[PDB]
């Protein structure tokens, strides 16, 4: 039961999928049992609350119906209950984060970040403020209008970072101790032109942050200290430059970094992380099912689960703690268009 976790799968609902699918996943055997489901349009990204009692899921719509929903989650039965839905006021919300006081969405087509204060019952108050991203990048198709692709809380609980995808930079927001709405910083952290910064993650020790760039197919490593991101290294994640890189995660011991690639030679690039200076070096590559837009690693670090949207499976890989390399267990979880994997302990 200790190694039996609650797993939440987010999807695109244009196919046979009806929304969020819940499972009981064993982080020792890598076995999964279907539990329940919640009907919700395009919940492409979802996040559970720290206590695992609430789930916040986007409805990735390219219009005025674009929304964020709050759900009550029953950890033991895997059942979900819709509580409330509020508009994002920004098309294509594709990422969601929570610190328990507020909820954030990255509105890709809106080109904005929406900030939702949480209500005492865990439901969402309407989006209080939206913060505007910019379009200055040279990709005429992908960087034509502002796109926000990630909205993350800094591990010291004082800042918010957002990927300004079309302006090749990372936006910084200073959090207030009392107000759930942050202050926008006057300066952003610039990266190489034609990068398309997609997802940002912090190392388990909170001293480093790593960015996966969609267009340049790079992993960008940063030292992190009290709101300051300092670039220390750029490394190739996608050697065929398919301009379709997606997700990034470190193993919970912080020793290995994983970055996923789509469109061509779909798979996961594996890097060893230097303990003292946070630099990266490739250890291998894992070819996966088609379109690994999202993946996650179990809390014990024993398994890597890769959601392959076009293969309609979540592939279960056994992680070698020592080498960082992956072994397909061939215990595929069949879901139509899986695009988000979250765990609840």
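Numbering follows the first chain given and starts at 1.
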On mean C-alpha B-factor from the PDB entry, just flag whether 265-273 or 183-191 is the higher one.
183-191
Assert higher mean C-alpha B factor (67-75 or 162-170, deposited values) equals 67-75
Quick one: which of 280, 304, 46, 313 shows the highest Cα temperature factor in the PDB entry?
313
Which of these, 177, 90, 197, 100, has its C-alpha atom at the highest B-factor, as the entry lists it?
177
Record-listed C-alpha B factor of residue 86: chain third
middle
Ranking every modelled residue in this chain by its Cα temperature factor as given in the entry, which third contains residue 113?
lowest
Lowest, middle or highest third: where is residue 139 by C-alpha B factor in its chain?
middle
For the chain shown, is the CA B-factor of residue 320 in the lowest, middle or highest third of its modelled residues?
highest
Third of the chain, ranked by Cα B-factor, where residue 120 sits
highest
